[PDB]
Each structure stands twice: as structure tokens, then as C-alpha cells.
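Here the structure comes first, spelled out in C-alpha cells, and everything after it is commentary.
Note on naming: letters A, B, ... go to the chains in the order of the sequence lines (proteins, then strands), and numbering restarts at 1 for each one.
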2 protein chains.
Amino acid sequence: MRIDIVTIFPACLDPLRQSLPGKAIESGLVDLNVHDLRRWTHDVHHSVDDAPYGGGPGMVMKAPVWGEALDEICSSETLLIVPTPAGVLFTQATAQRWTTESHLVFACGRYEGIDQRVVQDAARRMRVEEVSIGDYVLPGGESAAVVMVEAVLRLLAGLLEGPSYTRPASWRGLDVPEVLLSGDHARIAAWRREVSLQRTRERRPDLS
Amino acid sequence: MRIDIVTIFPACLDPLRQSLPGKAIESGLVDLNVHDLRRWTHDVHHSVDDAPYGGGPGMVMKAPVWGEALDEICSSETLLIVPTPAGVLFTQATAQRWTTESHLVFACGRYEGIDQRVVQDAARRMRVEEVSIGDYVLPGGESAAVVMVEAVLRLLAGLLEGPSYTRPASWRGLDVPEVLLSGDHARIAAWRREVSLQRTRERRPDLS
Ligand SMILES: CCCCCCCCNCc1ccc(CNC(=O)c2csc3nc[nH]c(=O)c23)cc1
Ligand SMILES: CCCCCCCCNCc1ccc(CNC(=O)c2csc3nc[nH]c(=O)c23)cc1
């Protein structure tokens with residue numbers, strides 16, 4: 001898998017060179033490239049942002065600079081991912097589906113986002129996905145791209161989860177559930193499913 | 001605000017020293033400390049993980065090492081945050097509420113998570129929150145803590161969003177909507193609300 005990430009903050013993708021992602025990249029499974037969006041600008045001040053049409057707060061990322069960067073990095077086979085608070089929610093099924101892709105391109109935005117015509121122009125030649133990592137507001141899309149790449153890379157390398165325990169059996173007056181010390185595989189699996197259904201009902205009832 | 005993050009991978013929190021978070025930290029608003037969990041171990045091999053009771057895949061983070069680290073860093077006023085796939089979903093309202101906290105402690109887990117008795121023992125003296133950033137699986141909680149800190153720090157420093165546009169008015173045969181060039185504040189706001197309702201219905205109908 002070839003992964004390209006375009007951003008005004010390349011240093012923010014540095015966690016992808018460590019731990020699980022780092023291993024996958026070093027072992028030739030993944031070819032990861034981080035690019036500074038300013039390398040495609042032609043002006044003296046390397047500007048990437050301009051004032052929005054119709055007024056509004058902040059700045060908007062210019063379509064011609066994104067258009068040059070994507071023209072160079074993308075092909076007809078590329079899946080262009082645009083992290084955005086207005087996208088569809090990223091899920092485990094999306095992470096699983098993206099392991100089947102040959103080339104993923106993450107266009108990380110800052111300011112108030114990227115001019116909408118970049119994605120419309122990209123959609124004429126390649127598949128585009130506008131994706132949110134959740135119902136909260138981030139300063140940019142770099143940390144969302146890290147999250148998305150980590151979910152995809154761990155699937156390449158290889159109800160809510162219930163509680164887990166390890167030694168000691170008693171710690172600060174707190175005992176490991178007696179069932180986990182039974183040796184009985186069947187009642188262990190039954191208890192884990194039971195506490196997993198219970199935690200799901202309390203914390204995420206939408207999942208049952 | 002004082003923020004402490006405990007992890008076996010301190011380098012994975014390096015994006016918090018750049019951009020928006022970096023500014024907030026440097027300007028004395030936020031006091032950020034990253035700690036290596038191995039600094040509280042006493043064994044020769046600095047082990048943080050052990051085999052799970054009741055069998056299962058992988059390893060579980062030991063309660064005594066987490067117990068020592070939290071005993072030193074936390075007080076009765078501390079809000080202990082445990083990033084976990086089994087937690088409640090992180091939202092904008094949570095990010096807003098956490099700006100009111102004096103001391104936030106993020107206990108980042110690796111392997112299959114942290115022994116459950118750590119949070120039960122912590123809940124005897126401090127407020128604890130078990131939080132997920134979304135319905136996808138990550139290799140650990142460092143990138144989820146980055147996401148959570150970035151959402152909180154941007155609120156300190158200061159329906160789905162509709163499309164945005166900037167110069168030029170025509171780019172690759174794609175024109176900026178005529179309404180955004182009208183000068184008419186009222187029909188601009190009406191059009192933006194309209195395209196925002198439309199995008200919400202298509203991509204996130206659960207929000208209306
Ligand atoms: C005083 C300055 C003006 C501030 C006005 C802020 C109003 C909100 N503008 C919308 C906006 C918010 C955040 C972003 C950056 N977010 C991401 O790139 C992002 C990418 S994926 C994602 N997932 C969840 N939430 C997210 O914010 C994101 C882009 C546009
Ligand atoms: C062959 C090795 C065995 C693999 C078995 C994996 C089965 C799943 N175990 C549960 C588990 C998954 C991920 C984690 C690490 N995740 C986070 O720390 C995390 C912290 S916040 C969060 N939000 C969404 N998703 C997340 O995964 C997280 C911890 C326990």
C-alpha cells in the first residue's frame with residue numbers, strides 16, 4: 001500500500017513512524033510519504049489560504065495549490081480521502097475496506113477547510129471520500145489522518161469490549177472476578193459476553 | 001490548565017507541541033507533561049504487561065504500575081480520563097465541559113488495555129471518565145488523547161458545515177455559487193443554511 005499525506009504541518013504525522021505504523025512501513029508493506037503543501041505554491045509568501053466568498057470567519061484553502069499537488073500525486077486508481085467535520089463518520093468497516101486500496105491520499109485541511117471545487121474537480125478522475133472521525137471540532141485534519149492511518153495499518157499488520165484483569169488476584173482490596181480463576185472455558189466466555197452486553201446497554205445502547 | 005499524559009510511547013504526543021496546542025502551552029495557559037509509564041516500574045525488564053486471567057488474546061497492563069503512577073500524579077481535584085474502545089463517545093459537549101477542569105490526566109493504554117481495577121481504585125478518590133473517540137479500533141490510546149487534547153486546547157485559545165469557496169471565481173470550469181458574489185448578507189445566510197441542511201440529511205441524517 002502507498003499512502004500520501006499532504007499538509008501544511010508535516011511534523012504532525014511523526015507518530016506514524018513509531019510503534020505499530022512504523023513496523024508496517026519499515027517492513028515494506030506500506031510506502032508512507034508526507035508532503036508539505038507549500039512545495040506546490042509559486043508566490044513569494046507561499047500562501048495556501050484566502051478570504052471566503054460570501055464573508056465569514058477565518059480563511060479557506062485555495063483550490064489552485066491543492067489542484068497542483070493532487071495533479072502530481074494522484075492517479076485514476078487513487079482513493080482521495082478528505083478529512084472534514086462535514087464528512088461521513090469513519091467506522092471499523094471503512095478501515096477494513098481501505099486495506100483493499102493500492103493508493104490512499106489524505107488531503108489535510110487547516111483554517112476553515114479546503115475550497116469545495118478541489119473535491120469536485122478530483123471526483124472527475126478519481127474516487128473521493130469526505131470523512132469525519134467524530135462529533136467534535138479539531139483545529140485541522142492531521143490528527144484525524146493519524147487516527148485513520150493507525151486503524152488501517154493495524155489491520156494490514158495482522159458489542160463493547162468487557163473488562164480485563166491480570167496478576168495480582170487481589171490488589172488494594174479489589175479481587176479479580178472468581179469466574180476468571182475457574183479454569184472453565186465455557187462459563188468464562190458466558191460471563192465475558194454477559195458483562196459485555198451490560199456495558200453496551202449502559203454506555204452505548206445504540207449498539208444493543 | 002495542567003494536563004498529564006502517561007504512556008509507554010511518549011514520542012506519540014509530540015504533535016501537541018506544534019501548531020494550535022503548542023501556542024496555548026507556550027503562552028502559560030496550559031501546563032503539559034508527558035510521562036513514560038516505565039518510570040514507575042521496579043523490575044529489571046521494566047514490564048508493564050502481563051497475561052490475562054481467564055485466557056484470551058494478547059496482554060493486559062498491570063494494575064500496580066498504573067497504581068503507582070496515578071498515586072503520584074493525581075489529586076482529589078483531578079479528572080482521570082481513560083481512552084478506551086469500551087468508553088462513552090467523546091463529543092463537542094465533553095470537550096467544552098473539560099475546559100472547566102483544573103487538572104486532566106490521560107492514562108493511555110496499549111496491548112489489550114489496562115487492568116479494570118485501576119479505574120475502580122481511582123474512582124474511590126477522583127472523578128474518572130472512560131472515553132472512546134469513535135466506532136473504530138486503534139492500536140493504543142495516544143492518538144485518541146492527541147485528538148481529545150486538540151479539541152479542548154482550541155476552545156481555550158479562543159448541522160454539518162456547508163461548502164466553502166475562495167478566489168478564483170472560475171477554476172477548471174467550476175464556478176463559485178452566484179449567491180456568494182451577491183453582496184446580499186441575508187440570501188447568503190439563507191443559502192448556507194439550506195446547503196448545510198441538505199448535506200446533513202445526506203451524510204448524517206441522525207442530526208436532522
Ligand atoms: C475565530 C476563528 C474562526 C473560527 C470559526 C470556526 C467555525 C467552524 N469551522 C468549521 C471547521 C471546523 C474544523 C475544521 C477542521 N477539522 C478537520 O479538519 C477535521 C478533519 S476530520 C474531522 N473530524 C471531526 N472533526 C474535525 O474537526 C475534523 C474545519 C472547518
Ligand atoms: C493478535 C493480537 C490480539 C488482537 C486482539 C484485538 C481484540 C480487540 N481488543 C480490544 C482492544 C482494542 C483496542 C485497544 C486500544 N484502543 C484504545 O486505546 C482506544 C482508546 S480511545 C479509542 N477510541 C476508539 N477506538 C480505540 O481503539 C480507542 C484496546 C483494546
Side-chain angles (χ1 to χ4, degrees), chain A residues 9 11-12 14-15 18-20 50-55 60 62-64 67 85-92 95 112-113 115-117 120-121 133-140 142-144 146-147 150-151 154 160-161 163-167 171-172 174 176 179-181 188 192 199 203-204, chain B residues 9 11-12 14-15 18-20 50-55 60 62-64 67 85-92 95 112-113 115-117 120-121 133-140 142-144 146-147 150-151 154 160-161 163-167 171-172 174 176 179-181 188 192 199 203-204:
Chain A
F9 297 111
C12 290
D14 282 357
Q18 345 265 345
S19 193
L20 198 296
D50 197 359
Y53 277 121
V60 169
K62 296 159 154 177
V88 295
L89 282 174
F90 185 66
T91 68
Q92 194 53 23
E112 298 296 291
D115 189 297
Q116 183 70 30
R117 302 169 285 172
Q120 256 106 66
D121 177 54
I133 55 152
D135 294 336
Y136 38 87
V137 187
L138 298 170
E142 295 72 19
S143 72
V146 166
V147 157
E150 291 195 337
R154 71 170 293 275
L160 306 183
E161 285 287 331
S164 295
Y165 302 85
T166 196
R167 285 177 280 166
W171 179 70
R172 302 186 173 183
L174 304 170
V176 171
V179 69
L180 304 167
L181 293 161
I188 282 165
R192 273 170 184 165
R199 185 183 268 184
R203 299 185 187 170
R204 293 292 313 285
Chain B
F9 297 111
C12 290
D14 282 357
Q18 345 265 345
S19 193
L20 198 296
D50 197 359
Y53 277 121
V60 169
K62 296 159 154 177
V88 295
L89 282 174
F90 185 66
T91 68
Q92 194 53 23
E112 298 296 291
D115 189 297
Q116 183 70 30
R117 302 169 285 172
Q120 256 106 66
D121 177 54
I133 55 152
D135 294 336
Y136 38 87
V137 187
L138 298 170
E142 295 72 19
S143 72
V146 166
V147 157
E150 291 195 337
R154 71 170 293 275
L160 306 183
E161 285 287 331
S164 295
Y165 302 85
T166 196
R167 285 177 280 166
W171 179 70
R172 302 186 173 183
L174 304 170
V176 171
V179 69
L180 304 167
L181 293 161
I188 282 165
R192 273 170 184 165
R199 185 183 268 184
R203 299 185 187 170
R204 293 292 313 285

Out of A/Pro15, A/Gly113, A/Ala86, which one racks up the most heavy-atom pairs below 4.5 Å with chain B?
-> A/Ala86
Under 4.5 Å from a heavy atom of chain A, the part of B/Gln18 involved = side chain
Which one, B/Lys62, B/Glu142, B/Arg192, leads in non-hydrogen pairs under 4.5 Å with chain A?
-> B/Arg192
Heavy-atom distance under 4.5 Å to chain A: side chain of B/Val60, backbone, both or neither?
-> both
With only heavy atoms counted, which part of B/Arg172 is less than 4.5 Å from chain A, the side chain, the backbone, both or neither?
-> both
So do the side chains of A/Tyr165 and B/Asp115 get within less than 4.5 Å of each other, counting heavy atoms only?
-> yes
Those residues that, when tested against B/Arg203, pass side chain to side chain donor-acceptor pair (under 3.5 Å) (two or more places apart) = A/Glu130
So which of B/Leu20, B/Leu181, B/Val176, B/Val88 has the biggest tally of heavy-atom pairs under 4.5 Å with chain A?
-> B/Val176
Check whether B/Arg154 gets within reach of chain A through its side chain, its backbone, both or neither, counting any heavy atom under 4.5 Å.
-> side chain
Candidate pair B/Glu112 and A/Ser164, rule side chain to side chain donor-acceptor pair (under 3.5 Å), full reasoning = CA-CA 8 Å; B/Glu112 298 296 291; A/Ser164 295; over 6 Å; no
So which of B/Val179, B/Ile188, B/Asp135 has the largest heavy-atom pair count under 4.5 angstrom toward chain A?
-> B/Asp135
Among the listed options A/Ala144, A/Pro139, A/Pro163, the residue most often paired with chain B at heavy-atom distances under 4.5 Å = A/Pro139
Quick one: which of B/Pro85, B/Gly134, B/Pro64 has the most heavy-atom pairs under 4.5 Å with chain A, could you say?
-> B/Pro64
Name the region of A/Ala51, side chain, backbone, both or neither, that has any atom closer than 4.5 Å to a heavy atom of chain B.
-> backbone
Taking B/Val146, B/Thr91, B/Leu160, B/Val137 one by one, which has the highest count of heavy-atom pairs under 4.5 Å against chain A?
-> B/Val137
Please step through side-chain contact (heavy atoms from CB on, under 4.5 Å) for the pair A/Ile133 and B/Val147, ending with a clear verdict.
-> CA-CA 10 Å; A/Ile133 55 152; B/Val147 157; 3.8 Å; yes
Engaged part of A/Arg204 at the chain B interface, taking heavy atoms whose separation is under 4.5 Å | side chain
Which bit of B/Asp14 comes within less than 4.5 Å of chain A, counting heavy atoms only: side chain, backbone, both or neither?
-> neither
So which part of A/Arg199 gets closer than 4.5 Å to some heavy atom of chain B, the side chain, the backbone, both or neither?
-> side chain
Considering all heavy atoms, the nearest A/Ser143-B/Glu150 contact = OG-OE1, 3.1 Å
Side chain proximity check, A/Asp121 to B/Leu174, heavy atoms < 4.5 angstrom | yes
Any idea which of B/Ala11, B/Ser19, B/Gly87, B/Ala95 has the most non-hydrogen atom pairs under 4.5 angstrom with chain A?
-> B/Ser19
Residue B/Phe90 versus chain A: region with a heavy atom under 4.5 Å | both
Relative to chain A, which segment of B/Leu138 carries a heavy atom at a distance below 4.5 Å: side chain, backbone, both, or neither?
-> both
For the student: nearest non-hydrogen atoms of B/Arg117 and A/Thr166, plus distance = NH2-O, 2.7 Å
